[PDB]
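Let's start with one chain on its own, the form deposited in one PDB entry, as structure tokens.
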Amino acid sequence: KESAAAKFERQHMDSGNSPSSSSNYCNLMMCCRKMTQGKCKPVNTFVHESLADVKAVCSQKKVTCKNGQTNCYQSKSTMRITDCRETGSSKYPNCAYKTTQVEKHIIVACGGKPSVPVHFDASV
């Protein structure tokens, strides 16, 4: 069972950082969205457009998937996204990321019925 001391540090300590940072986004979001458990996911992109806009990409430009599958689609317009990339300093479990705000076209794999995004392939 997590110690009371450890619980206090988890719930109440942020030594660490300040809320006024813009660059801590990936650190917190990768943790929030459970991509730092077991190991640090090295690269992950968050999309800030609406879910409807991202789902719409599945009806947009058919493109080659980086993994050679044939179910990828490129957005017709650039989207506001954030790339989270694990730093060289980063060491599990202290997963550290650089946050890069970008506006690029996204490529996603679509699947299911209705066809919706199931994998983020790349940005271009």
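Only residues modelled in both forms are compared. Between two forms, the rigid core is the largest collection of C-alphas that superpose within 1.5 Å. The first residue of the shown sequence is 1; numbering continues from there.
Relative to its counterpart among 81-89 and 25-33, 81-89 has the higher mean temperature factor, C-alpha atoms as listed in the PDB entry.
Relative to its counterpart among 14-22 and 105-113, 14-22 has the higher mean temperature factor, C-alpha atoms as listed in the PDB entry. Note on the listed residues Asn71, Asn94, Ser50, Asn44: the highest Cα temperature factor in the record is that of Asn94. Residue-level temperature factors show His119 in the middle third of its chain, judged at the C-alpha atom.
Omitted from view is the form deposited in another entry, to which the following refers.
Core-superposed comparison between the shown form and the other one: the C-alpha position of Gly16 differs by no less than 2 Å. Annotation for the pair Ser23/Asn17: C-alpha atoms approach each other in that other deposited form, by 3 Å or more compared with this form.
Whereas the shown form places them at one spacing, the Cα atoms of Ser15 and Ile81 lie at least 3 Å closer in that other deposited form. Once both forms are overlaid on their core, the sole residue range between the shown form and the other one with Cα shifts reaching 2 Å in three or more consecutive positions is 1-21.
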